[PDB]
Protein chains: 2
Amino acid sequence: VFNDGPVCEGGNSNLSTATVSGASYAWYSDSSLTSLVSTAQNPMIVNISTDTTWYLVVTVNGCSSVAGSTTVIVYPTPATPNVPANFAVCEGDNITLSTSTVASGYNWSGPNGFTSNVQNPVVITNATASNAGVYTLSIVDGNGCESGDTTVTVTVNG
Amino acid sequence: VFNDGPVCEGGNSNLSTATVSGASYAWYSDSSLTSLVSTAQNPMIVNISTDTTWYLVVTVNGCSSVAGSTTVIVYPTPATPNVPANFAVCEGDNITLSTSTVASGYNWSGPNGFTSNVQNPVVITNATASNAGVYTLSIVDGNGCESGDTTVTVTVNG
């Protein structure tokens with residue numbers, strides 16, 4: 001029984017096996033084989049949060065096999081981004097954001113619809129009161145998994 | 001008999017079963033098996049509003065099986081967004097909108113064609129009489145289901 005490689009938390013994975021003529025298949029959720037989850041030759045496991053194992057029994061012309069099995073491995077949650085400490089800008093001055101980390105992609109969001117997908121976002125010049133608020137960042141790792149969130153609070157001095 | 005997982009209110013779901021040689025299939029809407037809804041091997045249930053169960057009878061070479069069955073679960077309606085209380089802006093001042101909630105996506109709409117898909121929409125500066133009206137928000141949950149609507153009324157003082 002084979003998996004399709006490591007999966008991100010909450011992702012899906014495609015299990016697969018050999019084609020056996022005259023066979024019916026039964027995939028079970030546990031080692032006791034008391035809970036059936038699929039009868040497909042190559043079923044999908046949906047919404048995997050942790051390492052999980054499915055067991056397979058192949059029955060041919062009425063005779064059942066010894067259950068085979070496979071484990072789908074979940075890729076560790078990526079580390080929190082290195083976002084700066086709370087800062088302050090005076091009206092008319094610049095708000096500069098940056099993250100001291102390395103990612104396959106970055107995802108920033110904030111006040112006034114601010115958004116960017118880089119480590120060094122376009123500087124908010126002529127900063128004003130409406131730019132005050134919380135700027136949030138998550139990042140994506142090399143294999144597509146998303147990190148948790150971290151924030152910097154920006155205050156604006158009149 | 002298997003479903004394809006939880007479905008959003010009003011969504012569709014794909015039912016599936018094993019292939020049985022020489023079989024015809026009959027899917028029924030209730031436990032009494034008096035109302036036939038499909039003869040497909042893997043039929044779709046369309047427009048599911050609540051948890052629903054279909055029953056399956058497999059007939060092979062004239063002999064019928066005991067009906068199998070499966071339930072399709074409907075995902076609860078997401079909670080109403082935390083939109084602010086009615087406010088007032090004077091002409092020339094700013095209209096700031098925000099929602100204190102967390103969503104996979106946001107959907108704002110309002111006067112003058114106002115629209116955005118964020119928690120913190122671009123601020124309407126130099127607000128005028130035409131910006132007065134009702135600003136509406138719905139949100140989308142982690143699994144794609146949409147919440148109900150909530151509104152903030154904005155009045156503009158000449």
# chains A, B, ... in the order shown; residues from 1 in each chain; ligands from 1

$ interface_residues --of "chain A" --to "chain B" --cutoff "6 Å" --atoms "only C-alpha atoms" --output "ChimeraX atom specification"
/A:111-113

$ residues_around --residues "residue 22 (chain A)" --least-positions-apart "2" --cutoff "9 Å" --atoms "only C-alpha atoms" --output "number ranges by chain"
A: 20, 24, 59-61

$ write_last_selection --atoms "N, CA, C and O atoms" --output "CSV table (one decimal), in the first residue's frame"
chain,number,residue,atom,x,y,z
A,20,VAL,N,-5.7,-6.2,-8.5
A,20,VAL,CA,-5.8,-7.7,-8.4
A,20,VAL,C,-7.0,-8.2,-9.0
A,20,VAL,O,-8.1,-7.8,-8.6
A,24,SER,N,-12.1,-7.5,-4.6
A,24,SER,CA,-12.8,-6.4,-4.0
A,24,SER,C,-11.9,-5.9,-3.0
A,24,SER,O,-11.0,-6.6,-2.5
A,59,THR,N,-9.9,-9.1,-1.1
A,59,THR,CA,-10.6,-10.4,-1.0
A,59,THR,C,-10.8,-10.8,-2.5
A,59,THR,O,-11.4,-10.1,-3.3
A,60,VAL,N,-10.3,-12.0,-2.8
A,60,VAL,CA,-10.4,-12.6,-4.1
A,60,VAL,C,-11.2,-13.9,-4.2
A,60,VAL,O,-10.8,-14.8,-3.5
A,61,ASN,N,-12.2,-13.9,-4.9
A,61,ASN,CA,-13.0,-15.1,-5.0
A,61,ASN,C,-13.4,-15.6,-3.7
A,61,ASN,O,-13.5,-16.8,-3.5

$ residues_around --residues "residue 151 (chain A)" --least-positions-apart "4" --cutoff "7 Å" --atoms "only C-alpha atoms" --output "VMD selection string"
chain A and resid 83 134 to 137

$ write_last_selection --atoms "N, CA and C atoms" --output "PDB file, in the first residue's frame"
ATOM      1  N   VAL A  83       8.914  39.096  12.332  1.00  0.00           N
ATOM      2  CA  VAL A  83       8.280  40.406  12.227  1.00  0.00           C
ATOM      3  C   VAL A  83       8.775  41.318  13.348  1.00  0.00           C
ATOM      4  N   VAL A 134      -3.000  47.085  13.003  1.00  0.00           N
ATOM      5  CA  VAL A 134      -2.213  45.876  13.138  1.00  0.00           C
ATOM      6  C   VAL A 134      -1.909  45.269  11.785  1.00  0.00           C
ATOM      7  N   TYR A 135      -0.625  45.080  11.520  1.00  0.00           N
ATOM      8  CA  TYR A 135      -0.127  44.507  10.285  1.00  0.00           C
ATOM      9  C   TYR A 135       0.244  43.049  10.529  1.00  0.00           C
ATOM     10  N   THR A 136      -0.407  42.145   9.810  1.00  0.00           N
ATOM     11  CA  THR A 136      -0.301  40.710  10.035  1.00  0.00           C
ATOM     12  C   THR A 136       0.461  40.014   8.921  1.00  0.00           C
ATOM     13  N   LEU A 137       1.293  39.042   9.286  1.00  0.00           N
ATOM     14  CA  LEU A 137       2.058  38.247   8.329  1.00  0.00           C
ATOM     15  C   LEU A 137       2.042  36.753   8.602  1.00  0.00           C
TER      16      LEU A 137
END

$ closest_residue --among "A:145, A:67, A:57, A:15" --to "residue 43 (chain A)" --atoms "only C-alpha atoms"
A:15

$ atom_distance --atom1 "CA of residue 52 (chain A)" --atom2 "CA of residue 14 (chain B)"
24.4 Å

$ residues_around --residues "residue 45 (chain A)" --least-positions-apart "5" --cutoff "12 Å" --atoms "only C-alpha atoms" --output "number ranges by chain"
A: 3-4, 7, 10-16, 27-29, 37-38, 40, 50-54, 70-73; B: 4-5

$ write_last_selection --atoms "N, CA and C atoms" --output "compact mmCIF listing (two decimals), in the first residue's frame"
# COMPACT_ATOMS: atom_id res chain seq x y z
N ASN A 3 1.33 5.65 -0.17
CA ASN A 3 0.77 6.98 -0.02
C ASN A 3 1.31 7.80 -1.19
N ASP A 4 0.97 9.08 -1.26
CA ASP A 4 1.49 9.96 -2.30
C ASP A 4 2.45 11.00 -1.74
N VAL A 7 2.01 15.26 3.47
CA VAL A 7 0.88 16.15 3.25
C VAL A 7 0.92 17.27 4.29
N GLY A 10 -4.16 19.40 7.32
CA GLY A 10 -5.44 19.72 6.73
C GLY A 10 -5.56 19.36 5.27
N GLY A 11 -4.51 18.82 4.69
CA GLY A 11 -4.54 18.47 3.29
C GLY A 11 -5.06 17.07 3.05
N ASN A 12 -5.16 16.71 1.79
CA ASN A 12 -5.67 15.41 1.39
C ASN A 12 -4.54 14.57 0.84
N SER A 13 -4.71 13.25 0.84
CA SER A 13 -3.70 12.38 0.22
C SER A 13 -4.32 11.20 -0.51
N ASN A 14 -3.69 10.80 -1.61
CA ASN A 14 -4.17 9.72 -2.45
C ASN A 14 -3.46 8.41 -2.15
N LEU A 15 -4.18 7.42 -1.68
CA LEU A 15 -3.57 6.14 -1.39
C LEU A 15 -3.67 5.30 -2.63
N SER A 16 -2.76 4.35 -2.81
CA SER A 16 -2.89 3.50 -3.97
C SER A 16 -2.35 2.11 -3.74
N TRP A 27 -10.78 -0.85 2.79
CA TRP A 27 -9.82 -0.06 3.52
C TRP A 27 -10.41 0.25 4.86
N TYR A 28 -9.65 0.03 5.91
CA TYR A 28 -10.13 0.19 7.26
C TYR A 28 -9.36 1.25 8.01
N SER A 29 -10.03 1.91 8.94
CA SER A 29 -9.39 2.99 9.69
C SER A 29 -8.43 2.53 10.78
N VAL A 37 -13.69 2.36 5.84
CA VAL A 37 -13.72 3.72 5.34
C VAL A 37 -13.79 3.83 3.83
N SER A 38 -13.34 2.83 3.08
CA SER A 38 -13.46 2.89 1.63
C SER A 38 -13.35 1.53 0.97
N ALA A 40 -12.63 1.56 -2.54
CA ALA A 40 -12.04 1.94 -3.81
C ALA A 40 -10.70 1.27 -4.03
N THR A 50 -2.99 14.77 11.34
CA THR A 50 -1.81 14.16 11.93
C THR A 50 -1.43 12.91 11.16
N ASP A 51 -0.32 12.30 11.54
CA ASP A 51 0.10 11.10 10.84
C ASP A 51 -1.00 10.07 10.96
N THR A 52 -1.43 9.47 9.86
CA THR A 52 -2.54 8.53 9.95
C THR A 52 -2.28 7.28 9.14
N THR A 53 -2.81 6.14 9.59
CA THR A 53 -2.57 4.87 8.90
C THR A 53 -3.85 4.16 8.50
N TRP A 54 -3.95 3.76 7.24
CA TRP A 54 -5.07 2.96 6.76
C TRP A 54 -4.63 1.55 6.44
N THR A 70 -0.51 1.57 5.15
CA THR A 70 0.43 2.65 4.91
C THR A 70 0.15 3.86 5.77
N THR A 71 1.21 4.59 6.08
CA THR A 71 1.13 5.78 6.91
C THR A 71 1.35 7.01 6.07
N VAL A 72 0.48 8.00 6.22
CA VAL A 72 0.64 9.28 5.57
C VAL A 72 1.21 10.23 6.60
N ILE A 73 2.34 10.82 6.27
CA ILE A 73 3.09 11.69 7.17
C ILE A 73 2.68 13.13 6.97
N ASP B 4 -19.25 12.05 -0.04
CA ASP B 4 -17.98 12.70 -0.36
C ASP B 4 -17.62 13.76 0.67
N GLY B 5 -18.10 13.59 1.89
CA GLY B 5 -17.81 14.48 2.99
C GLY B 5 -18.93 15.47 3.21

$ select_by_dssp --residues "chain B" --states "strand (DSSP E)" --output "PyMOL selection string"
chain B and resi 7-8+11-14+23-28+36-38+44-48+52-60+63-64+68-72+74-75+87-90+105-109+115-116+133-140+150-157

$ residues_around --residues "residue 148 (chain B)" --least-positions-apart "5" --cutoff "9 Å" --atoms "only C-alpha atoms" --output "PDB file with C-alpha atoms, in the first residue's frame"
ATOM      1  CA  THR B  77     -24.055  28.155   8.957  1.00  0.00           C
ATOM      2  CA  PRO B  78     -21.041  30.349   9.894  1.00  0.00           C
ATOM      3  CA  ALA B  79     -21.557  33.061  12.504  1.00  0.00           C
ATOM      4  CA  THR B  80     -22.553  36.643  11.709  1.00  0.00           C
ATOM      5  CA  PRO B  81     -19.534  39.050  11.273  1.00  0.00           C
ATOM      6  CA  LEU B 137     -20.844  42.323   4.921  1.00  0.00           C
ATOM      7  CA  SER B 138     -20.906  38.536   4.655  1.00  0.00           C
ATOM      8  CA  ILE B 139     -17.925  36.239   5.214  1.00  0.00           C
TER       9      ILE B 139
END

$ closest_residue --among "B:149, B:30, B:9, B:93" --to "residue 109 (chain B)" --atoms "only C-alpha atoms"
B:149

$ decode --residues "region 3-30 of chain B" --atoms "N, CA and C atoms" --output "compact mmCIF listing (two decimals), in the first residue's frame"
# COMPACT_ATOMS: atom_id res chain seq x y z
N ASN B 3 -20.44 8.84 1.14
CA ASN B 3 -20.67 10.21 0.72
C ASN B 3 -19.31 10.78 0.34
N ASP B 4 -19.25 12.05 -0.04
CA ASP B 4 -17.98 12.70 -0.36
C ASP B 4 -17.62 13.76 0.67
N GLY B 5 -18.10 13.59 1.89
CA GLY B 5 -17.81 14.48 2.99
C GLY B 5 -18.93 15.47 3.21
N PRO B 6 -18.75 16.33 4.22
CA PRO B 6 -19.72 17.37 4.57
C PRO B 6 -19.92 18.33 3.43
N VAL B 7 -21.12 18.88 3.33
CA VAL B 7 -21.51 19.79 2.26
C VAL B 7 -22.08 21.06 2.88
N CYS B 8 -21.91 22.23 2.22
CA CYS B 8 -22.50 23.49 2.67
C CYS B 8 -23.99 23.51 2.36
N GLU B 9 -24.76 24.25 3.15
CA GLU B 9 -26.19 24.32 2.87
C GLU B 9 -26.41 24.74 1.44
N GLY B 10 -27.22 23.98 0.72
CA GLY B 10 -27.53 24.27 -0.67
C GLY B 10 -26.56 23.66 -1.65
N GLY B 11 -25.55 22.97 -1.18
CA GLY B 11 -24.57 22.38 -2.06
C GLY B 11 -24.96 21.00 -2.52
N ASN B 12 -24.13 20.43 -3.37
CA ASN B 12 -24.37 19.12 -3.93
C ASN B 12 -23.39 18.13 -3.35
N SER B 13 -23.71 16.84 -3.39
CA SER B 13 -22.76 15.82 -2.95
C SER B 13 -22.79 14.57 -3.81
N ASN B 14 -21.63 13.95 -3.98
CA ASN B 14 -21.49 12.76 -4.82
C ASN B 14 -21.48 11.49 -3.99
N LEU B 15 -22.47 10.64 -4.19
CA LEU B 15 -22.52 9.40 -3.45
C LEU B 15 -21.79 8.36 -4.26
N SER B 16 -21.24 7.35 -3.60
CA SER B 16 -20.59 6.31 -4.38
C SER B 16 -20.66 4.96 -3.72
N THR B 17 -20.51 3.91 -4.53
CA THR B 17 -20.51 2.55 -4.01
C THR B 17 -19.58 1.66 -4.81
N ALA B 18 -19.59 0.37 -4.49
CA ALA B 18 -18.74 -0.62 -5.12
C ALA B 18 -19.33 -1.06 -6.44
N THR B 19 -18.50 -1.51 -7.37
CA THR B 19 -19.04 -2.01 -8.62
C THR B 19 -19.34 -3.49 -8.48
N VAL B 20 -20.57 -3.88 -8.76
CA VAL B 20 -20.99 -5.27 -8.62
C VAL B 20 -21.37 -5.80 -9.99
N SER B 21 -20.66 -6.81 -10.46
CA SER B 21 -20.93 -7.32 -11.80
C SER B 21 -22.31 -7.95 -11.87
N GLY B 22 -23.05 -7.63 -12.93
CA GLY B 22 -24.38 -8.18 -13.14
C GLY B 22 -25.46 -7.42 -12.43
N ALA B 23 -25.09 -6.36 -11.71
CA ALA B 23 -26.00 -5.58 -10.89
C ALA B 23 -26.65 -4.42 -11.59
N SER B 24 -27.83 -4.12 -11.12
CA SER B 24 -28.53 -2.89 -11.41
C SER B 24 -28.62 -2.19 -10.07
N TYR B 25 -28.74 -0.88 -10.06
CA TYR B 25 -28.78 -0.17 -8.80
C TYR B 25 -30.06 0.60 -8.63
N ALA B 26 -30.49 0.76 -7.40
CA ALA B 26 -31.64 1.59 -7.13
C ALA B 26 -31.44 2.35 -5.84
N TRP B 27 -31.42 3.66 -5.93
CA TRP B 27 -31.24 4.52 -4.78
C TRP B 27 -32.57 5.08 -4.40
N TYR B 28 -32.92 5.01 -3.15
CA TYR B 28 -34.22 5.42 -2.67
C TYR B 28 -34.12 6.55 -1.68
N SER B 29 -35.14 7.40 -1.65
CA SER B 29 -35.11 8.55 -0.75
C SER B 29 -35.41 8.24 0.71
N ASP B 30 -36.04 7.10 1.00
CA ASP B 30 -36.41 6.86 2.39
C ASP B 30 -36.21 5.39 2.77
